[PDB]
file data_11.cif (mmCIF, N, CA and C atoms and all ligand atoms)
data_structure
loop_
_atom_site.label_atom_id
_atom_site.label_comp_id
_atom_site.auth_asym_id
_atom_site.auth_seq_id
_atom_site.Cartn_x
_atom_site.Cartn_y
_atom_site.Cartn_z
N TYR A 1316 3.19 3.08 9.03
CA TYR A 1316 2.17 2.24 9.71
C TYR A 1316 0.85 2.29 8.92
N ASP A 1317 0.93 2.57 7.63
CA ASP A 1317 -0.26 2.52 6.72
C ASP A 1317 -0.46 1.07 6.30
N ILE A 1318 -1.52 0.43 6.78
CA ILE A 1318 -1.70 -1.03 6.52
C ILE A 1318 -2.35 -1.24 5.16
N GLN A 1319 -2.70 -0.17 4.44
CA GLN A 1319 -3.19 -0.31 3.04
C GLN A 1319 -2.10 -0.04 2.01
N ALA A 1320 -0.93 0.52 2.40
CA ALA A 1320 0.02 1.07 1.43
C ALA A 1320 0.58 -0.02 0.49
N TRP A 1321 0.60 -1.26 0.95
CA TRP A 1321 1.17 -2.37 0.16
C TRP A 1321 0.50 -2.44 -1.20
N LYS A 1322 -0.79 -2.07 -1.30
CA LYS A 1322 -1.49 -2.40 -2.54
C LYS A 1322 -0.95 -1.55 -3.70
N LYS A 1323 -0.86 -0.24 -3.51
CA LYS A 1323 -0.25 0.60 -4.55
C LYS A 1323 1.23 0.25 -4.73
N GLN A 1324 1.93 -0.11 -3.66
CA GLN A 1324 3.35 -0.51 -3.82
C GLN A 1324 3.44 -1.74 -4.72
N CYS A 1325 2.53 -2.69 -4.57
CA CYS A 1325 2.52 -3.88 -5.43
C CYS A 1325 2.08 -3.55 -6.85
N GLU A 1326 1.14 -2.64 -7.01
CA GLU A 1326 0.75 -2.17 -8.35
C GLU A 1326 1.96 -1.61 -9.08
N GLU A 1327 2.75 -0.75 -8.42
CA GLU A 1327 3.90 -0.10 -9.11
C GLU A 1327 4.99 -1.16 -9.33
N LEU A 1328 5.17 -2.11 -8.42
CA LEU A 1328 6.15 -3.20 -8.69
C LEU A 1328 5.68 -4.05 -9.87
N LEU A 1329 4.40 -4.36 -9.98
CA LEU A 1329 3.92 -5.10 -11.17
C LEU A 1329 4.16 -4.27 -12.41
N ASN A 1330 3.95 -2.96 -12.36
CA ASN A 1330 4.22 -2.09 -13.52
C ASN A 1330 5.69 -2.25 -13.94
N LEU A 1331 6.61 -2.21 -12.99
CA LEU A 1331 8.05 -2.37 -13.32
C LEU A 1331 8.25 -3.74 -13.93
N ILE A 1332 7.63 -4.76 -13.36
CA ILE A 1332 7.83 -6.15 -13.84
C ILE A 1332 7.35 -6.21 -15.30
N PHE A 1333 6.18 -5.65 -15.61
CA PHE A 1333 5.63 -5.67 -16.99
C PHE A 1333 6.55 -4.91 -17.96
N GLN A 1334 7.27 -3.89 -17.51
CA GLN A 1334 8.24 -3.13 -18.36
C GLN A 1334 9.50 -3.95 -18.63
N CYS A 1335 9.87 -4.86 -17.70
CA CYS A 1335 11.07 -5.74 -17.79
C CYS A 1335 10.87 -6.75 -18.93
N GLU A 1336 11.85 -6.85 -19.83
CA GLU A 1336 11.80 -7.84 -20.91
C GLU A 1336 11.79 -9.27 -20.37
N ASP A 1337 12.41 -9.48 -19.22
CA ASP A 1337 12.44 -10.83 -18.62
C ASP A 1337 11.04 -11.28 -18.21
N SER A 1338 10.04 -10.42 -18.08
CA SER A 1338 8.69 -10.88 -17.70
C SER A 1338 7.89 -11.41 -18.90
N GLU A 1339 8.36 -11.23 -20.13
CA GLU A 1339 7.47 -11.51 -21.28
C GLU A 1339 6.89 -12.92 -21.25
N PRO A 1340 7.66 -13.98 -20.91
CA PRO A 1340 7.08 -15.33 -20.88
C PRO A 1340 6.03 -15.55 -19.79
N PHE A 1341 5.94 -14.64 -18.86
CA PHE A 1341 5.15 -14.80 -17.63
C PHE A 1341 4.00 -13.80 -17.57
N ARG A 1342 3.73 -13.04 -18.60
CA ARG A 1342 2.74 -11.94 -18.55
C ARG A 1342 1.34 -12.47 -18.69
N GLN A 1343 1.18 -13.63 -19.34
CA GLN A 1343 -0.15 -14.23 -19.61
C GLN A 1343 -0.01 -15.73 -19.40
N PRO A 1344 -1.13 -16.47 -19.26
CA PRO A 1344 -1.07 -17.88 -18.90
C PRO A 1344 -0.31 -18.67 -19.97
N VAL A 1345 0.53 -19.60 -19.54
CA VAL A 1345 1.31 -20.49 -20.45
C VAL A 1345 0.34 -21.02 -21.51
N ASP A 1346 0.75 -20.96 -22.77
CA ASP A 1346 -0.09 -21.38 -23.90
C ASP A 1346 0.03 -22.90 -24.03
N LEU A 1347 -1.07 -23.57 -23.82
CA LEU A 1347 -1.13 -25.05 -23.80
C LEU A 1347 -1.00 -25.59 -25.23
N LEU A 1348 -1.20 -24.77 -26.28
CA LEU A 1348 -0.99 -25.25 -27.66
C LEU A 1348 0.52 -25.24 -27.98
N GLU A 1349 1.24 -24.29 -27.41
CA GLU A 1349 2.71 -24.20 -27.51
C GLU A 1349 3.34 -25.33 -26.66
N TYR A 1350 2.76 -25.63 -25.49
CA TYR A 1350 3.36 -26.55 -24.47
C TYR A 1350 2.30 -27.56 -24.05
N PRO A 1351 2.00 -28.55 -24.92
CA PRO A 1351 0.84 -29.40 -24.68
C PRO A 1351 0.90 -30.27 -23.41
N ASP A 1352 2.09 -30.51 -22.88
CA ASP A 1352 2.23 -31.30 -21.63
C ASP A 1352 2.25 -30.40 -20.39
N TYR A 1353 1.99 -29.10 -20.53
CA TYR A 1353 2.23 -28.20 -19.37
C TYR A 1353 1.45 -28.64 -18.15
N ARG A 1354 0.16 -28.93 -18.28
CA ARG A 1354 -0.69 -29.28 -17.13
C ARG A 1354 -0.46 -30.70 -16.62
N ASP A 1355 0.34 -31.50 -17.33
CA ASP A 1355 0.79 -32.81 -16.81
C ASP A 1355 1.83 -32.58 -15.71
N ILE A 1356 2.54 -31.46 -15.76
CA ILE A 1356 3.62 -31.16 -14.77
C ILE A 1356 3.13 -30.12 -13.77
N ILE A 1357 2.43 -29.11 -14.26
CA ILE A 1357 2.07 -27.96 -13.41
C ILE A 1357 0.63 -28.04 -12.99
N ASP A 1358 0.40 -28.13 -11.69
CA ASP A 1358 -0.96 -28.29 -11.13
C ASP A 1358 -1.67 -26.94 -11.08
N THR A 1359 -0.93 -25.86 -10.77
CA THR A 1359 -1.57 -24.53 -10.59
C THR A 1359 -0.84 -23.49 -11.42
N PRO A 1360 -1.32 -23.22 -12.63
CA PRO A 1360 -0.77 -22.14 -13.45
C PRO A 1360 -0.89 -20.80 -12.74
N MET A 1361 0.07 -19.94 -13.03
CA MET A 1361 0.00 -18.57 -12.52
C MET A 1361 0.82 -17.69 -13.46
N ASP A 1362 0.44 -16.43 -13.54
CA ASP A 1362 1.10 -15.47 -14.44
C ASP A 1362 0.85 -14.07 -13.88
N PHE A 1363 1.58 -13.09 -14.39
CA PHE A 1363 1.53 -11.74 -13.80
C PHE A 1363 0.23 -11.03 -14.12
N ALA A 1364 -0.41 -11.32 -15.25
CA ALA A 1364 -1.73 -10.71 -15.52
C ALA A 1364 -2.75 -11.21 -14.50
N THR A 1365 -2.72 -12.49 -14.18
CA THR A 1365 -3.65 -13.03 -13.16
C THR A 1365 -3.33 -12.38 -11.80
N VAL A 1366 -2.06 -12.20 -11.46
CA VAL A 1366 -1.72 -11.55 -10.17
C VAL A 1366 -2.25 -10.13 -10.17
N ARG A 1367 -2.00 -9.36 -11.23
CA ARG A 1367 -2.48 -7.96 -11.30
C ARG A 1367 -4.00 -7.91 -11.20
N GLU A 1368 -4.69 -8.77 -11.94
CA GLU A 1368 -6.17 -8.79 -11.93
C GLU A 1368 -6.67 -9.14 -10.55
N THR A 1369 -6.05 -10.09 -9.88
CA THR A 1369 -6.46 -10.44 -8.50
C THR A 1369 -6.29 -9.23 -7.59
N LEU A 1370 -5.14 -8.58 -7.66
CA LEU A 1370 -4.90 -7.36 -6.88
C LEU A 1370 -5.96 -6.30 -7.17
N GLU A 1371 -6.21 -6.03 -8.43
CA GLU A 1371 -7.10 -4.93 -8.85
C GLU A 1371 -8.53 -5.28 -8.52
N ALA A 1372 -8.91 -6.55 -8.46
CA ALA A 1372 -10.26 -6.98 -8.04
C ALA A 1372 -10.45 -6.81 -6.55
N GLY A 1373 -9.38 -6.53 -5.80
CA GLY A 1373 -9.53 -6.52 -4.35
C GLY A 1373 -9.62 -7.90 -3.80
N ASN A 1374 -8.90 -8.87 -4.38
CA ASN A 1374 -8.94 -10.26 -3.94
C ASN A 1374 -7.63 -10.74 -3.30
N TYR A 1375 -6.75 -9.79 -3.01
CA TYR A 1375 -5.64 -10.07 -2.09
C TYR A 1375 -5.94 -9.32 -0.79
N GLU A 1376 -5.78 -10.01 0.33
CA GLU A 1376 -5.90 -9.33 1.64
C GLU A 1376 -4.56 -8.72 2.09
N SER A 1377 -3.44 -9.25 1.63
CA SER A 1377 -2.11 -8.91 2.16
C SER A 1377 -1.11 -9.06 1.04
N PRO A 1378 0.06 -8.43 1.17
CA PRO A 1378 1.09 -8.64 0.18
C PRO A 1378 1.70 -10.04 0.27
N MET A 1379 1.61 -10.75 1.39
CA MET A 1379 2.06 -12.14 1.49
C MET A 1379 1.30 -13.00 0.49
N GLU A 1380 -0.02 -12.79 0.35
CA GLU A 1380 -0.79 -13.60 -0.60
C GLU A 1380 -0.29 -13.32 -2.02
N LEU A 1381 -0.06 -12.07 -2.36
CA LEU A 1381 0.44 -11.69 -3.71
C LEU A 1381 1.79 -12.35 -3.94
N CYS A 1382 2.65 -12.28 -2.92
CA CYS A 1382 4.02 -12.83 -2.96
C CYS A 1382 3.94 -14.35 -3.19
N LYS A 1383 2.98 -15.06 -2.57
CA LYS A 1383 2.84 -16.51 -2.78
C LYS A 1383 2.55 -16.77 -4.27
N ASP A 1384 1.60 -16.02 -4.85
CA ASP A 1384 1.27 -16.23 -6.27
C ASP A 1384 2.47 -15.90 -7.17
N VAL A 1385 3.18 -14.80 -6.92
CA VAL A 1385 4.33 -14.46 -7.79
C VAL A 1385 5.37 -15.57 -7.65
N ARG A 1386 5.61 -16.08 -6.44
CA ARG A 1386 6.62 -17.14 -6.26
C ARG A 1386 6.16 -18.38 -7.01
N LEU A 1387 4.86 -18.63 -7.09
CA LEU A 1387 4.33 -19.77 -7.86
C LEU A 1387 4.69 -19.62 -9.34
N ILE A 1388 4.64 -18.41 -9.87
CA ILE A 1388 5.09 -18.19 -11.27
C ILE A 1388 6.49 -18.78 -11.42
N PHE A 1389 7.35 -18.44 -10.48
CA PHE A 1389 8.77 -18.83 -10.61
C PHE A 1389 8.91 -20.32 -10.34
N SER A 1390 8.22 -20.87 -9.35
CA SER A 1390 8.38 -22.32 -9.09
C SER A 1390 7.83 -23.11 -10.27
N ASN A 1391 6.76 -22.65 -10.90
CA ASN A 1391 6.23 -23.32 -12.09
C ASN A 1391 7.32 -23.35 -13.16
N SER A 1392 7.98 -22.24 -13.40
CA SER A 1392 9.02 -22.18 -14.44
C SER A 1392 10.12 -23.18 -14.10
N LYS A 1393 10.53 -23.22 -12.85
CA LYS A 1393 11.58 -24.16 -12.44
C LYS A 1393 11.12 -25.62 -12.60
N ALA A 1394 9.88 -25.91 -12.30
CA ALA A 1394 9.35 -27.29 -12.42
C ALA A 1394 9.24 -27.65 -13.90
N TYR A 1395 8.86 -26.73 -14.76
CA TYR A 1395 8.58 -27.06 -16.17
C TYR A 1395 9.85 -27.10 -17.01
N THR A 1396 10.90 -26.44 -16.54
CA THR A 1396 12.07 -26.26 -17.38
C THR A 1396 12.71 -27.62 -17.65
N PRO A 1397 13.16 -27.88 -18.89
CA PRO A 1397 13.88 -29.12 -19.16
C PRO A 1397 15.34 -29.01 -18.75
N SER A 1398 15.80 -27.80 -18.47
CA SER A 1398 17.22 -27.51 -18.18
C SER A 1398 17.35 -26.29 -17.27
N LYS A 1399 18.31 -26.30 -16.36
CA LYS A 1399 18.61 -25.10 -15.56
C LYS A 1399 19.19 -24.04 -16.47
N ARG A 1400 19.58 -24.36 -17.70
CA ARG A 1400 20.20 -23.38 -18.62
C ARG A 1400 19.19 -22.89 -19.64
N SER A 1401 17.93 -23.31 -19.57
CA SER A 1401 16.90 -22.90 -20.54
C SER A 1401 16.69 -21.38 -20.50
N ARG A 1402 16.38 -20.78 -21.63
CA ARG A 1402 16.20 -19.33 -21.76
C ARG A 1402 15.09 -18.86 -20.83
N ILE A 1403 13.90 -19.43 -20.99
CA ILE A 1403 12.68 -18.91 -20.31
C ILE A 1403 12.87 -19.08 -18.81
N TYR A 1404 13.54 -20.16 -18.38
CA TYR A 1404 13.86 -20.39 -16.96
C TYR A 1404 14.85 -19.33 -16.47
N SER A 1405 15.93 -19.11 -17.22
CA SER A 1405 16.98 -18.12 -16.89
C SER A 1405 16.35 -16.73 -16.70
N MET A 1406 15.35 -16.38 -17.51
CA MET A 1406 14.62 -15.10 -17.38
C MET A 1406 13.87 -15.12 -16.05
N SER A 1407 13.29 -16.25 -15.67
CA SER A 1407 12.58 -16.36 -14.39
C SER A 1407 13.52 -16.05 -13.23
N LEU A 1408 14.75 -16.58 -13.27
CA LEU A 1408 15.62 -16.38 -12.11
C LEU A 1408 15.97 -14.90 -11.96
N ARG A 1409 16.24 -14.22 -13.07
CA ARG A 1409 16.54 -12.78 -12.94
C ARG A 1409 15.33 -12.02 -12.45
N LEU A 1410 14.19 -12.32 -13.00
CA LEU A 1410 12.99 -11.62 -12.59
C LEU A 1410 12.66 -11.91 -11.13
N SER A 1411 12.90 -13.14 -10.68
CA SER A 1411 12.68 -13.49 -9.28
C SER A 1411 13.60 -12.66 -8.39
N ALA A 1412 14.87 -12.53 -8.76
CA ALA A 1412 15.81 -11.72 -7.95
C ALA A 1412 15.32 -10.29 -7.86
N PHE A 1413 14.85 -9.76 -8.98
CA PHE A 1413 14.33 -8.37 -9.04
C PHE A 1413 13.10 -8.23 -8.14
N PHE A 1414 12.19 -9.19 -8.24
CA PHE A 1414 10.97 -9.17 -7.44
C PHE A 1414 11.30 -9.27 -5.96
N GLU A 1415 12.14 -10.21 -5.55
CA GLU A 1415 12.47 -10.39 -4.13
C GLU A 1415 13.16 -9.14 -3.59
N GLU A 1416 14.01 -8.49 -4.40
CA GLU A 1416 14.73 -7.28 -3.96
C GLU A 1416 13.72 -6.20 -3.66
N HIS A 1417 12.65 -6.10 -4.42
CA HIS A 1417 11.65 -5.02 -4.33
C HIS A 1417 10.53 -5.38 -3.34
N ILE A 1418 10.15 -6.65 -3.20
CA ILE A 1418 9.00 -6.98 -2.32
C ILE A 1418 9.38 -6.96 -0.85
N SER A 1419 10.65 -7.13 -0.53
CA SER A 1419 11.10 -7.27 0.87
C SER A 1419 10.62 -6.07 1.71
N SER A 1420 10.77 -4.83 1.23
CA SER A 1420 10.35 -3.62 2.00
C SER A 1420 8.82 -3.60 2.09
N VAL A 1421 8.15 -4.04 1.01
CA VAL A 1421 6.67 -4.02 1.02
C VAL A 1421 6.19 -4.96 2.12
N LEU A 1422 6.74 -6.16 2.23
CA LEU A 1422 6.35 -7.11 3.27
C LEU A 1422 6.71 -6.56 4.64
N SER A 1423 7.94 -6.09 4.78
CA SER A 1423 8.38 -5.57 6.08
C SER A 1423 7.46 -4.45 6.54
N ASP A 1424 7.18 -3.49 5.67
CA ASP A 1424 6.38 -2.31 6.07
C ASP A 1424 4.97 -2.75 6.42
N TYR A 1425 4.39 -3.66 5.64
CA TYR A 1425 3.04 -4.16 5.97
C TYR A 1425 3.05 -4.83 7.34
N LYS A 1426 3.98 -5.74 7.59
CA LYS A 1426 3.92 -6.53 8.82
C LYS A 1426 4.17 -5.59 10.01
N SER A 1427 5.01 -4.61 9.83
CA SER A 1427 5.27 -3.59 10.87
C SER A 1427 4.01 -2.78 11.13
N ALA A 1428 3.33 -2.34 10.10
CA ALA A 1428 2.11 -1.52 10.23
C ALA A 1428 1.06 -2.34 10.93
N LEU A 1429 0.95 -3.62 10.60
CA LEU A 1429 -0.08 -4.48 11.21
C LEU A 1429 0.28 -4.73 12.68
N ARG A 1430 1.57 -4.92 13.00
CA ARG A 1430 1.96 -5.07 14.42
C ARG A 1430 1.57 -3.79 15.18
N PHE A 1431 1.81 -2.64 14.59
CA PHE A 1431 1.48 -1.37 15.27
C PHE A 1431 -0.02 -1.29 15.48
N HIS A 1432 -0.77 -1.72 14.47
CA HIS A 1432 -2.24 -1.69 14.55
C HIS A 1432 -2.71 -2.52 15.73
N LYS A 1433 -2.09 -3.67 15.96
CA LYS A 1433 -2.50 -4.64 16.98
C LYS A 1433 -1.81 -4.39 18.32
N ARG A 1434 -0.98 -3.35 18.45
CA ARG A 1434 -0.13 -3.12 19.66
C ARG A 1434 -0.96 -3.00 20.95
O1 LIG B 1 4.45 -20.16 -22.94
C1 LIG B 1 4.85 -19.54 -21.96
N1 LIG B 1 4.47 -18.27 -21.77
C2 LIG B 1 3.17 -17.77 -22.20
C3 LIG B 1 3.30 -16.44 -22.91
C4 LIG B 1 2.09 -15.58 -23.08
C5 LIG B 1 3.12 -15.22 -22.07
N2 LIG B 1 5.67 -20.11 -21.04
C6 LIG B 1 6.21 -19.41 -19.86
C7 LIG B 1 6.30 -20.34 -18.68
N3 LIG B 1 7.09 -21.53 -19.03
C8 LIG B 1 8.22 -21.77 -18.37
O2 LIG B 1 8.42 -21.28 -17.28
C9 LIG B 1 9.33 -22.56 -18.96
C10 LIG B 1 10.49 -22.95 -18.38
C11 LIG B 1 11.29 -23.50 -19.38
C12 LIG B 1 10.59 -23.44 -20.52
CL1 LIG B 1 10.98 -23.85 -22.03
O3 LIG B 1 9.35 -22.87 -20.30
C13 LIG B 1 6.50 -22.25 -20.16
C14 LIG B 1 6.43 -21.33 -21.37
#

call {"tool": "encode", "arguments": {"input": "data_11.cif", "output": "structure tokens", "more": "lines below"}}
Ligand SMILES: O=C(NCC1CC1)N1CCN(C(=O)c2ccc(Cl)o2)CC1
result
Amino acid sequence: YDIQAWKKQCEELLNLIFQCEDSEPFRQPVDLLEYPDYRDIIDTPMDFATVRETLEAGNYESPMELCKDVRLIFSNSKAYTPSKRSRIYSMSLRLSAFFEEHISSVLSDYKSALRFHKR
């Protein structure tokens, strides 16, 4: 019922994500010189360095907000991909599975702690 515990849990999950080779395309903002049409398709860029910086700045109130931004990383990859078989997209799907497997307890524990707080 620790309603702050999510933040360090998300820090250590981001650490694992940064160690994963599948995160390499997503660690920093998509390079617009490499992908000159990126902003014609993607309205809101997102990447794991921006998520970590937002967390570390104290600019997430909840792990749901962090989860929305991480899911945006993956939806951007799916929207930008020219193929469901593309390499960088395929890395997104594995990393998404890894993230969802790990974030589920963080969300559950936070929402439980907050329900207890408001009981
Ligand atoms: O340039 C990138 N990464 C920046 C480096 C500094 C970390 N991109 C990753 C996100 N992108 C996609 O999700 C995608 C899907 C299919 C294809 Cl191809 O690209 C665009 C390419």

call {"tool": "residues_around", "arguments": {"input": "data_11.cif", "residues": "residue 1406 (chain A)", "least_positions_apart": "5", "cutoff": "9 Å", "atoms": "only C-alpha atoms", "output": "PDB file with N, CA and C atoms, keeping the file's coordinate frame"}}
result
ATOM      1  N   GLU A1336      11.850  -6.850 -19.830  1.00  0.00           N
ATOM      2  CA  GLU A1336      11.800  -7.840 -20.910  1.00  0.00           C
ATOM      3  C   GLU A1336      11.790  -9.270 -20.370  1.00  0.00           C
ATOM      4  N   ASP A1337      12.410  -9.480 -19.220  1.00  0.00           N
ATOM      5  CA  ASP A1337      12.440 -10.830 -18.620  1.00  0.00           C
ATOM      6  C   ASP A1337      11.040 -11.280 -18.210  1.00  0.00           C
ATOM      7  N   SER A1338      10.040 -10.420 -18.080  1.00  0.00           N
ATOM      8  CA  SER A1338       8.690 -10.880 -17.700  1.00  0.00           C
ATOM      9  C   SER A1338       7.890 -11.410 -18.900  1.00  0.00           C
ATOM     10  N   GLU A1339       8.360 -11.230 -20.130  1.00  0.00           N
ATOM     11  CA  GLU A1339       7.470 -11.510 -21.280  1.00  0.00           C
ATOM     12  C   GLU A1339       6.890 -12.920 -21.250  1.00  0.00           C
ATOM     13  N   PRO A1340       7.660 -13.980 -20.910  1.00  0.00           N
ATOM     14  CA  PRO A1340       7.080 -15.330 -20.880  1.00  0.00           C
ATOM     15  C   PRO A1340       6.030 -15.550 -19.790  1.00  0.00           C
ATOM     16  N   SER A1401      17.930 -23.310 -19.570  1.00  0.00           N
ATOM     17  CA  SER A1401      16.900 -22.900 -20.540  1.00  0.00           C
ATOM     18  C   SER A1401      16.690 -21.380 -20.500  1.00  0.00           C
ATOM     19  N   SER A1411      12.900 -13.140 -10.680  1.00  0.00           N
ATOM     20  CA  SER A1411      12.680 -13.490  -9.280  1.00  0.00           C
ATOM     21  C   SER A1411      13.600 -12.660  -8.390  1.00  0.00           C
TER      22      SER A1411
END

call {"tool": "closest_residue", "arguments": {"input": "data_11.cif", "among": "A:1360, A:1344, A:1378, A:1351", "to": "ligand LIG 1 (chain B)", "atoms": "all atoms listed in the file"}}
result
A:1344

call {"tool": "residues_near_ligand", "arguments": {"input": "data_11.cif", "ligand": "ligand LIG 1 (chain B)", "cutoff": "8 Å", "atoms": "only C-alpha atoms and all ligand atoms", "output": "VMD selection string"}}
result
chain A and resid 1339 to 1347 1349 to 1350 1353 1362 1388 to 1389 1391 to 1398 1401 to 1404 1407

call {"tool": "select_by_dssp", "arguments": {"input": "data_11.cif", "residues": "region 1328-1373 of chain A", "states": "alpha helix (DSSP H)", "output": "ChimeraX atom specification"}}
result
/A:1328-1334,1353-1356,1363-1371

call {"tool": "atom_distance", "arguments": {"input": "data_11.cif", "atom1": "CA of residue 1368 (chain A)", "atom2": "CA of residue 1433 (chain A)"}}
result
29.4 Å

call {"tool": "closest_residue", "arguments": {"input": "data_11.cif", "among": "A:1363, A:1316, A:1375, A:1321", "to": "residue 1422 (chain A)", "atoms": "all atoms listed in the file"}}
result
A:1321

call {"tool": "atom_distance", "arguments": {"input": "data_11.cif", "atom1": "CA of residue 1418 (chain A)", "atom2": "atom C of residue 1325 (chain A)"}}
result
9.0 Å

call {"tool": "atom_distance", "arguments": {"input": "data_11.cif", "atom1": "atom C of residue 1335 (chain A)", "atom2": "atom C of residue 1383 (chain A)"}}
result
19.6 Å

call {"tool": "closest_residue", "arguments": {"input": "data_11.cif", "among": "A:1329, A:1412, A:1366, A:1354", "to": "residue 1385 (chain A)", "atoms": "only N, CA and C atoms"}}
result
A:1366

call {"tool": "residues_near_point", "arguments": {"input": "data_11.cif", "point": "(9.2, -15.1, -4.2)", "cutoff": "6 Å", "atoms": "only C-alpha atoms", "output": "list in words"}}
result
residues 1382, 1386 and 1415 of chain A

call {"tool": "closest_residue", "arguments": {"input": "data_11.cif", "among": "A:1334, A:1369, A:1319, A:1324", "to": "residue 1410 (chain A)", "atoms": "only C-alpha atoms"}}
result
A:1334

call {"tool": "axis_aligned_box", "arguments": {"input": "data_11.cif", "around": "region 1362-1365 of chain A", "padding_each_side": "4 Å", "output": "JSON"}}
result
{"center_x": -1.0, "center_y": -13.6, "center_z": -13.7, "size_x": 13.2, "size_y": 13.7, "size_z": 11.7}
